[PDB]
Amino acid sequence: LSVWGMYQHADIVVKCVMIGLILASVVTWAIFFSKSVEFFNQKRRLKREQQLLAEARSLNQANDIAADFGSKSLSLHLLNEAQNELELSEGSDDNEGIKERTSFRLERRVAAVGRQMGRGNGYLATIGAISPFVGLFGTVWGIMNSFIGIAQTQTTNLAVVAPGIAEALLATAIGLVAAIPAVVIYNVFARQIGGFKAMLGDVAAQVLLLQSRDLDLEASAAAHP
């Protein structure tokens, strides 16, 4: 029969397989659309902030440039951690310590943001990996039930069992149609999350470089009046 009349004419287990695979497709495309608009906005904002800080030339100038980036700015956050470390460290003779403590801080928040970016990629990787074998389960179960049928009666003449076989194969087709776009989407999102991490670490590095240079130049100006 049709693909439709072929679905509900199948075994309850095979029905389950087909419906589950279709829902998997829905989750794939939902994740795709939302995360796509998200990454485009964040990448634009970060690129803008980064090129504005490119001119910074000191850490206080960078703070002045970043003042209006918004409270949700990742650059503003990294700059604020460096400022927080300096202020907590007021009175210390050891600039190496400040530098150490600041690098540890920035590198850790960058890492954390990357871990936010990937939330949901676990579902994509899992769907693309497991969908073909789930479809495969469906068709194996369907054809298994078919052959359990042919030796009961017990028949010959393949044309009689053909519909159950076709209905079973539809399960594998749906399994593949679910997996392939999941795999593709997973690949692009991995590439973009990597690129985003790289950009964010670029800003964090700008911050550390400014802080390091500032500490050294100030210590030198203080040692020789």
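One-based numbering along the sequence shown.
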- For the higher mean C-alpha B factor in the entry, choose 191-199 or 29-37. 29-37
- Message: So, looking at the entry's B-factor column for Cα atoms, which has the higher mean, 76-84 or 115-123?
- Response: 115-123
- Taking the values straight from the PDB record, which of 140, 150, 98, 134 has the highest C-alpha temperature factor? 150
- Query: Quick one: which of 210, 217, 204, 16 has the biggest Cα B-factor according to the entry?
  - Reply: 16
- Message: Ranking every modelled residue in this chain by its Cα temperature factor as given in the entry, which third contains residue 51?
- Response: highest
- Task: Compare the C-alpha B factor of residue 61 with those of the other modelled residues in its chain, then answer lowest, middle or highest third.
- Result: middle
- For residue 174, the third of its chain into which the C-alpha B factor falls: middle
- Query: Among the modelled residues of its chain, does the C-alpha B-factor of residue 93 lie in the lowest, middle or highest third?
  - Reply: highest
- Which third of the chain holds residue 158 when residues are ordered by C-alpha B factor: lowest, middle or highest? highest
